[PDB]
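Chemist: Protein chains in written order, with PDB author numbering: chain g, 2 to 127; chain i, 2 to 127; chain I, 10 to 128; chain G, 10 to 128; chain K, 10 to 128.
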Amino acid sequence: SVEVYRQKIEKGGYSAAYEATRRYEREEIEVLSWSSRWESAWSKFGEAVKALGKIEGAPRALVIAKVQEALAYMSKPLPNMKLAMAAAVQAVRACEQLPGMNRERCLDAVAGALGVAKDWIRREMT
Amino acid sequence: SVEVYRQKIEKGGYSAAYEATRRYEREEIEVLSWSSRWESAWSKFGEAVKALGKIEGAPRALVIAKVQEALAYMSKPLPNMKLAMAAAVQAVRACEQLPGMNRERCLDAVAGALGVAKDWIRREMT
Amino acid sequence: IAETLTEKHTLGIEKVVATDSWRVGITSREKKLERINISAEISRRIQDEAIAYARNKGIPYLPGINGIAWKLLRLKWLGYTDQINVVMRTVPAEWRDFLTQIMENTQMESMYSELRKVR
Amino acid sequence: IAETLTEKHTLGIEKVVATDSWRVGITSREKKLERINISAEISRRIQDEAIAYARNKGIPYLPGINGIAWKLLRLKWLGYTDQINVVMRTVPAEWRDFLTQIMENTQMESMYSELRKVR
Amino acid sequence: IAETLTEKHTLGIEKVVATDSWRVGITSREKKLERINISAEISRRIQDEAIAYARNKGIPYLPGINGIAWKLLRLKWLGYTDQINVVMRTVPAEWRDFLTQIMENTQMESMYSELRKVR
DNA sequence: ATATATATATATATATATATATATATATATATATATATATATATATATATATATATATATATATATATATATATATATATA
DNA sequence: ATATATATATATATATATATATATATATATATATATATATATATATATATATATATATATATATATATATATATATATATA
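(1) What are the residues in the segment 66-84 of chain g lying within 8 Å of chain i by C-beta distance?
(2) To the nearest angstrom, report how far apart g:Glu26 and G:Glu12 are at their CA atoms.
(3) Go ahead and pull the three-state DSSP assignment for i:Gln8.
(4) Measuring straight from C-alpha to C-alpha, what distance separates i:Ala87 and i:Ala110?
(5) Where does G:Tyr70 fall in DSSP's three states?
(6) Apart from the five residues on each side of it in sequence, which residues of its chain come closer than 7 Å, Cβ to Cβ, to I:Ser119?
(7) Answer yes or no: do i:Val93 and i:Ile65 have a C-beta to C-beta separation smaller than 9 Å?
(8) Would you call the CB atoms of G:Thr115 and G:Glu58 closer than 9 Å?
(9) Between the segment 10-27 of chain K and the segment 94-107 of chain G, can you find at least three pairs of beta-carbon atoms closer than 8 Å?
(10) Let me confirm a value: K:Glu113 is counted as buried when at least 16 other C-beta atoms fall within 10 Å, else exposed. Which label applies?
(11) Taking one C-beta from the segment 61-70 of chain I and one from the segment 76-95 of chain K each time, how about it: are there three or more such pairs within less than 8 Å?
(12) Below 8 Å, how does it come out for the segment 52-59 of chain i and the segment 41-51 of chain I: are there three or more Cβ pairs, yes or no?
(13) Taking the CB atoms as reference points, tell me whether g:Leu72 and g:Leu115 lie closer together than 9 Å.
(14) Out of I:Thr15, I:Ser37, I:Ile10, which has the shortest C-alpha to C-alpha gap to i:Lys9?
(15) Does the CB of K:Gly73 have a neighbour CB from chain I at under 9 Å?
(16) Within 10 angstroms of the Cβ of K:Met117, are there 16 or more other Cβ atoms? Answer buried if so, exposed if not.
(17) For the alpha helix (DSSP H) that contains i:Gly47, what are its first and last residues?
(18) What is the DSSP secondary structure of I:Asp29, counted as helix, strand or coil?
(19) Between K:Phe107 and the rest of its own chain, which residues show a CB-CB distance below 6 Å, the 5 nearest in sequence each way excluded?
(20) Does the beta carbon of g:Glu26 sit closer than 9 Å to a beta carbon anywhere in chain G?
(21) In this structure, how does DSSP classify G:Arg125 when only helix, strand and coil are distinguished?
(22) Indicate whether at least one CB of chain g lies closer than 9 Å to the CB of i:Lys45.
(23) Contact defined as beta carbons within less than 8 Å: I believe i:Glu40 pairs with I:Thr15. What is the distance between those atoms, to the nearest angstrom?
(24) When you compare the CB of g:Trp39 with every CB in chain i, is at least one pair closer than 9 Å?
(25) Does the distance from the CB of i:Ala89 to the CB of i:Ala112 come in under 9 Å?
(26) Who are the neighbours of G:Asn46 on chain i, taking C-beta pairs under 7 Å?
(27) Is I:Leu14 close to chain i, meaning its C-beta is less than 9 Å from at least one C-beta of that chain?
(28) Exposed or buried, what is I:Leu84 when buried is set at 16 or more other beta-carbons lying within 10 Å of its beta-carbon?
(29) Where g:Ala17 and g:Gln69 are concerned, what is the direct C-alpha to C-alpha distance, given to the nearest angstrom?
(30) Considering i:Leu115, what are the terminal residues of the alpha helix (DSSP H) in which it resides?
(31) Going by DSSP, what residue range makes up the alpha helix (DSSP H) through K:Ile45?
(32) Which one of g:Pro78, g:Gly47, g:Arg7 has the shortest CA to CA distance from i:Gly47?
(33) Beta carbons nearer than 9 Å to chain G: which residues of the segment 84-95 of chain i have them?
(34) Chain i beta carbons: is any one of them nearer than 9 Å to that of I:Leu20?
(35) Hey, is I:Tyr89's beta-carbon within less than 9 Å of any beta-carbon in chain G?
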C-alpha cells in the first residue's frame with residue numbers, strides 16, 4: 002500500500018540517517034550495549050550459513066532456514082537434540098530435491114554446518 | 002486483544018528503554034537495591050535448573066517446575082522436607098513418561114538437582 | 010558498559026517507572042480483575058466449612074488448613090494426583106476427611122468456581 | 010570512521026529513535042494488528058482441548074503441550090511433513106493422539122483460522 | 010546500599026506517608042468497620058454482668074475479669090479448650106462460675122454476637 | 001466525683017499502615033527456565049518486484065547558468081578612428 | 001566599424017555544473033510489498049514454576065506506629081461541679 006509507505010517518508014529517514022552517521026564520525030555516539038549483546042550471540046549463526054556455500058541450484062532458503070532453526074535448538078541453556086534433529090531432517094529432504102545434489106552430499110553439508118556427526122541425522126531420516 | 006496491546010504502545014517503551022540504557026553507560030544509574038536482593042536469592046534456582054540438562058524428549062516444563070517447587074520448601078526459614086517430597090515425586094512421574102527416560106534415570110536427575118539422597122524420593126513413590 | 014543479569018533486572022525497572030507501565034498494565038486489562046472477586050469467594054467458602062468441621066467433631070481449628078485444602082482443589086483440576094497422595098499423609102488424621110470433602114464432596118460448588126475463574 | 014556490523018546495528022537504532030519510526034510503524038498499519046486477535050483465539054482453543062483431554066484420560070496436564078500442538082498446526086499448513094514425524098516420536102505416548110486431534114480432527118475450526126490469519 | 014530488616018521496616022513506612030495509604034486504607038473498606046460496633050456491644054454486655062455478679066454474691070468487683078471472660082468466649086469459638094482449662098484454674102474460686110456463665114449460660118446472646126462479627 | 005489529650009502497670013476484643021513466622025489463591029511491573037503463535041524497529045542469509053536521492057556503464061531527446069569554435073542581428077556601459 | 005564587459009534573439013556541436021523524460025543493469029543510502037529462519041530490543045496472547053517489588057482475599061500469632069470499646073489506678077496538662 003502507498004498510505005503505509007507515505008507515513009514513513011514524511012518522517013524523514015534519509016536526512017536523519019545522514020546526521021546519525023556524521024555524529025558517529027565526530028565521536029558523539031558510542032556503541033549501544035544492545036549491539037554488544039547482539040553480535041556476541043548471532044555470530045555462531047553467521048558463519049554456519051556461510052558453510053552451506055557448496056549447495057547449488059534452486060531457492061536455497063529452506064535449507065538455510067532449517068539449518069538456522071536446528072542450530073538454535075542446540076544453543077539453549079537446556080539443549081534439545083531431539084527437536085534439533087527434527088528441523089535437521091527437513092533440511093536434508095529439502096536439499097536432495099535440488100538439481101545436482103545427492104542424499105549424502107546434503108548429509109555432508111548439513112552435518113558439517115551444524116558440526117555434528119552424519120549418523121545422527123541418518124537415524125531420524127528413515 | 003488489540004486494545005490492551007495499543008495502550009502499552011503509546012507509552013513508548015522502545016525509546017524509554019533506549020534512554021535508560023544510555024543513562025547506564027554515562028554512570029547516571031546505579032544498581033537498584035531490589036536487584037541485589039533478587040540475585041542473592043534467585044541464584045540457587047538458576048544453577049539447579051540447569052542440572053536437568055540430560056533429560057531429553059518432550060516438553061520438560063513439568064519436570065522443571067516441580068523441581069523448582071521442591072527447592073522452594075527446602076529454602077524456607079522453617080524447611081519442610083515432607084511437602085518438598087510431594088513436588089519431587091510429581092517431577093519423577095512426569096519425567097518417566099518421556100521417550101528415552103527411565104525411572105532410575107529420572108531418580109538420577111531429580112535427586113541430583115535438589116542435592117538430596119535418592120532414597121528419600123523413592124520412599125514417597127510407593 | 011555492561012549487561013549482566015543483575016543490572017538487566019534494574020534497567021527493566023527503570024523503563025517501567027519512566028513510562029508508567031505498571032498502572033496502565035492493570036487498568037487496561039480490567040477483565041482479568043474479576044478473578045480477584047471469585048478467588049475471595051472460594052476462600053470464604055473454604056474457611057467457613059473449616060470452622061464448622063472443627064465444631065462438629067470437637068477438634069480445635071487448625072489454621073493453615075484453608076491453604077492446604079485450596080492447593081489440593083487446584084491440583085485436582087490439573088491432574089497432579091501423586092502430588093495429592095503425599096500431602097494427604099502429611100496432614101493429621103482427623104483432618105483428612107475434610108480435605109477430601111473440599112475435593113469431591115463439595116466438588117460441584119467449588120470446582121465450578123475454579124472452572125469459571127480460569128475461564 | 011567505521012562501518013562494521015556491530016556499529017551498523019547501532020546506527021540503525023539511532024535513526025529510529027530520532028525519527029520515531031517504531032510507533033509510527035505500528036499505528037500506520039492498523040490492519041495487520043487483528044492477527045493478534047486471531048492468534049489469541051487459537052491459543053485459547055488449543056489450551057482448552059488440552060485440559061479436557063487430560064481429564065477424560067486421567068493423565069496430568071502436561072504444560073507446553075499447547076505450543077507443541079500449535080507448531081504442528083502451522084507446519085501442516087506449509088507442508089513440512091517429515092518435520093512433523095520426528096516430533097510425534099518425541100512427545101509421550103498418551104499425548105500423540107491429542108496432537109493429531111488438533112491437526113486432523115479439528116481441521117474444520119482451527120485450520121480455517123490459520124487460513125484466515127495468514128490472509 | 011543495604012537491605013536489613015530494620016531499614017526494610019523503615020522504607021515501608023516511608024512509602025506509606027508518601028502516597029497516603031493509611032487513611033485510604035481505612036476509608037475504602039467501610040464494611041469491615043462495623044466490627045467495632047459489635048465489639049463495643051459485647052464489651053458492654055460482659056461488664057454489666059460482672060458487676061451484677063459482684064453484687065449478687067457480695068464479692069468485690071474484680072477489674073480485668075471482663076477482659077478474661079472475653080478471651081474465653083473467643084477460644085471457645087475456635088475450639089482451644091485445653092487453654093480454657095488452665096485459665097479456669099488461674100482465676101479465683103468465686104469467679105469461676107461467672108466464666109462458665111459467659112461461655113455457656115449466655116451462649117445464645119453472646120456466641121451469636123461473635124458469630125455475626127467474624128462474618 | 002465527671003469529660004478530654006499524654007505517658008505507665010494489668011486482663012481483653014476491633015479497624016489500619018509496617019516488618020516477621022506458617023499454609024494458600026488471584027491480578028500487575030522485572031529477571032530466568034521450557035514448548036509456542038502475532039504485530040513493530042534493527043542487523044544478517046536466500047529468491048524478488050516498485051518508488052526516491054547519489055555514483056557509474058551504453059544511446060538519446062528538452063529547458064537553464066558557464067567556457068569555446070563558426071556565421072549574424074539588437075539594446076547598454078567603456079576605450080578608439 | 002573595432003575592442004573589453006553586460007543582456008536578448010537564430011542555428012550546428014563540445015565541455016563543467018543544475019533539472020525533466022525514455023530504457024537495460026551494478027553499487028551506497030531511504031521506504032513499500034511477498035516468503036522461510038536467526039539474533040537484539042518493544043508489546044500482545046496460551047501454560048507450568050522460582051525470585052524481586054505493590055495490591056487485593058482467607059486464617060493463627062509476635063513487634064513498631066495510628067484510632068475505637070470495657071474496667072481499676074498513678075502522674076503531667078485542659079475544663080466542669
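For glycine and all other residues, C-beta sits at the position ideal for the given N, C-alpha and C.
Modeler: From the atom records:
(1) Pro78, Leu79, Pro80, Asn81, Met82, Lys83
(2) Here residue 26 of chain g refers to the residue found at position 25 of the first sequence. Here residue 12 of chain G refers to the residue found at position 3 of the fourth sequence. Their backbone Cα atoms lie some 10 Å apart in a straight line.
(3) As a first step, residue 8 of chain i must be located in the second sequence, where it is residue number 7. i:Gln8 falls in the helix class under three-state DSSP.
(4) Residue 87 of chain i sits at position 86 when you count from the first residue of the second sequence. Residue 110 of chain i sits at position 109 when you count from the first residue of the second sequence. For i:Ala87 and i:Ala110, the distance between alpha carbons rounds to 16 Å.
(5) Residue numbering aside, residue 70 of chain G sits at position 61 when the fourth sequence is read from its first letter. Residue state, collapsed to three classes: coil.
(6) Translated into positions along the third sequence, residue 119 of chain I becomes position 110. Counting only Cβ-Cβ distances below 7 Å, and skipping sequence neighbours, we find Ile51, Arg54, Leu82, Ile111.
(7) The residue labelled residue 93 of chain i in the question sits at position 92 within the second sequence. The residue labelled residue 65 of chain i in the question sits at position 64 within the second sequence. No.
(8) Against the fourth sequence, residue 115 of chain G aligns to sequence position 106. Against the fourth sequence, residue 58 of chain G aligns to sequence position 49. Against a cut-off of 9 Å, the Cβ pair of G:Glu58 and G:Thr115 comes out as a contact.
(9) no
(10) Residue mapping note: residue 113 of chain K aligns to position 104 of the fifth sequence, counting from 1. With fewer than 16 other Cβ atoms within 10 Å, it is exposed.
(11) Contact annotation: the segment 61-70 of chain I touches the segment 76-95 of chain K, with at least three C-beta pairs closer than 8 Å.
(12) no
(13) If you number the first sequence from 1, residue 72 of chain g lands on position 71. If you number the first sequence from 1, residue 115 of chain g lands on position 114. Contact flag set, yes.
(14) Counting from one through the second sequence, the residue named residue 9 of chain i turns up at place 8. Per the Cα distances, I:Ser37.
(15) Within the fifth sequence, numbered from 1, the residue matching residue 73 of chain K stands at position 64. No, K:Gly73 lies away from the interface with chain I (no Cβ there is under 9 Å from its Cβ).
(16) Residue numbering aside, residue 117 of chain K sits at position 108 when the fifth sequence is read from its first letter. With fewer than 16 Cβ atoms within 10 Å of its Cβ, K:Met117 is classed as exposed.
(17) Taking the second sequence and counting its residues from 1, one reaches residue 47 of chain i at position 46. Counting along the chain, the alpha helix (DSSP H) containing i:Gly47 begins and ends at 34-50.
(18) As a first step, residue 29 of chain I must be located in the third sequence, where it is residue number 20. Reduced to three states, the DSSP call for I:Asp29 is coil.
(19) Indexing the fifth sequence from 1 puts residue 107 of chain K at position 98. Within the same chain, K:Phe107 has close Cβ partners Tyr62.
(20) Indexing the first sequence from 1 puts residue 26 of chain g at position 25. Yes, its Cβ sits closer than 9 Å to a Cβ of chain G.
(21) Sequence index remark: in the fourth sequence, residue 125 of chain G carries index 116 (1-based). It is helical.
(22) Numbered from its first residue, the second sequence carries residue 45 of chain i at position 44. Chain g contact via Cβ: absent.
(23) Looking up residue 40 of chain i in the second sequence gives position 39. Looking up residue 15 of chain I in the third sequence gives position 6. That belief holds up - the Cβ atoms of i:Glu40 and I:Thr15 are roughly 5 Å apart, short of 8 Å.
(24) Residue numbering aside, residue 39 of chain g sits at position 38 when the first sequence is read from its first letter. Put simply, the CB of g:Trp39 is far from chain i, with every gap to its CB atoms at 9 Å or more.
(25) Residue numbering aside, residue 89 of chain i sits at position 88 when the second sequence is read from its first letter. Residue numbering aside, residue 112 of chain i sits at position 111 when the second sequence is read from its first letter. Result yes, Cβ atoms of i:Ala89 and i:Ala112 sit closer than 9 Å.
(26) On the fourth sequence, position 37 is the one that residue 46 of chain G refers to. Here the neighbours are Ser2, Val3.
(27) Within the third sequence, the letter at position 5 stands for residue 14 of chain I. Taking Cβ atoms only, chain i reaches closer than 9 Å to I:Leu14, which makes this a yes.
(28) Here residue 84 of chain I is taken as the residue at index 75 of the third sequence, counted from 1. With 16 or more other Cβ atoms within 10 Å, it is buried.
(29) In the first sequence, residue 17 of chain g corresponds to position 16, counting from 1. In the first sequence, residue 69 of chain g corresponds to position 68, counting from 1. So the alpha carbons of these two residues sit roughly 34 Å apart.
(30) Reading the second sequence from its first residue, position 114 is the one you call residue 115 of chain i. It spans 104-115 - the alpha helix (DSSP H) in which i:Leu115 sits, taken as one unbroken run.
(31) The residue you call residue 45 of chain K lines up with position 36 of the fifth sequence. Segment 43-65, the alpha helix (DSSP H) holding K:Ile45.
(32) To locate residue 47 of chain i, count along the second sequence from 1; it is residue 46. Minimum Cα distance to i:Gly47 is reached at g:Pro78.
(33) Listed in sequence order: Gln91, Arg94, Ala95.
(34) Along the third sequence, one-based indexing puts residue 20 of chain I at 11. Closer than 9 Å to some Cβ of chain i, the Cβ of I:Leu20 qualifies, so yes.
(35) Walking along the third sequence from the start, residue 89 of chain I turns up at place 80. It does: the Cβ of I:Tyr89 has a partner Cβ on chain G nearer than 9 Å.
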